[PDB]
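# Coordinate analysis (summary)
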Amino acid sequence: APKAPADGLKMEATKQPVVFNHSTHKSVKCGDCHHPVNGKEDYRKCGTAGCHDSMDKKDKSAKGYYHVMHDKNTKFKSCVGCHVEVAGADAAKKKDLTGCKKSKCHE
Ligand code: HEC
Ligand code: HEC
Ligand code: HEC
Ligand code: HEC
């Protein structure tokens, strides 16, 4: 299989870039992020032309790339969404997991 990609996978599709890692979400199910679409599962980029490319930000619906990265009220687990569940009420983590500034995502 293609397995997980290398590390240092960052995405600069917005004025605020982010750096993701697969060696960190190893315990996380691939289907947890790479939600199934059409019933098929594949390893593609969220910001794929035709997937999450709304560049609206202020939309929060689905196409909102910046919505599937923060918005928690989504049909699927969101970055911050899951993070919120992970960090929960542990403090510090929610500042480096769901933190707006000075976090693991945004620095
Ligand atoms: C606190 C609730 C947060 C605020 C406010 C913002 N973020 Fe994030 N963020 C993350 C990713 C993966 C991206 C996309 C990277 C890319 O492709 O460019 C973003 C993007 C943004 C943006 C850009 C939208 C714009 O054009 O203004 C803004 C304004 C923004 N974020 C604000 C990832 C994460 C993340 C990882 C779990 C966290 C905790 C946050 N973002 C939290 C906030
Ligand atoms: C969220 C916690 C994720 C989990 C769990 C896994 N992946 Fe992932 N992967 C994620 C993102 C956000 C991205 C793209 C970054 C973006 O800007 O959206 C990726 C990318 C990949 C890719 C690259 C796409 C390609 O060109 O093929 C591959 C191959 C990939 N991911 C594989 C993969 C595997 C094998 C996973 C389980 C072992 C897995 N991912 C989990 C987010 C997340
Ligand atoms: C195209 C093949 C996609 C890729 C690659 C990813 N997503 Fe996606 N996602 C896609 C669609 C078409 C939809 C909505 C269904 C529709 O037709 O409208 C979604 C939805 C989400 C959601 C839910 C948002 C909500 O319900 O509020 C989330 C949280 C989400 N997607 C996240 C996400 C992540 C993290 C991805 C990379 C790991 C990713 N998506 C890739 C289409 C596609
Ligand atoms: C649960 C389904 C998750 C989803 C969806 C996303 N992440 Fe995550 N993340 C998760 C856990 C359990 C942890 C461990 C906490 C730790 O910091 O060790 C993390 C951690 C991160 C980190 C920090 C660690 C690192 O790898 O540098 C970052 C920067 C991070 N996560 C980013 C991230 C992004 C951008 C996501 C959406 C594309 C995302 N995570 C999804 C659990 C889950």
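Residues numbered from 1 in each chain as written, not as in the entry; some residues may be left out. Chains lettered and ligands numbered in written order. Heavy atoms only, no water.

For this entry, the PDB record names solution NMR as the structure determination method.

Stated formally: UniProt positions are given in the numbering used here, feature names are shortened, and annotations may be inferred rather than shown by experiment.
The protein chain has the name CYTOCHROME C3 in the PDB entry, where Desulfovibrio vulgaris subsp. vulgaris str. Hildenborough is given as its organism. The record deposited in the PDB is entitled "SOLUTION STRUCTURE OF DESULFOVIBRIO VULGARIS (HILDENBOROUGH) FERROCYTOCHROME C3, NMR, 20 STRUCTURES". Per UniProt, the comment on the protein chain under Function is "Participates in sulfate respiration coupled with phosphorylation by transferring electrons from the enzyme dehydrogenase to ferredoxin." Recorded in UniProt under Subcellular location, the annotation for the protein chain is "Periplasm".

## Concerning the coordination of the iron atom of ligand 1
Rule in force here: Distances define the donors: N, O and S atoms within 2.8 Å of the metal qualify, as do those within 3.2 Å of Na, K or Ca. Water is excluded, so some sites may look unfinished. Only protein chains enter the area calculation, which uses a 1.4 Å probe; residues under 20% of their type maximum are buried, those over 50% are exposed, and those in between are partly exposed.
Donor atoms from the polypeptide that bind the iron atom of ligand 1 are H70 (NE2) and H106 (NE2), placed at 1.9 Å. With a relative accessible area of 25%, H70 lands in the partly exposed category.

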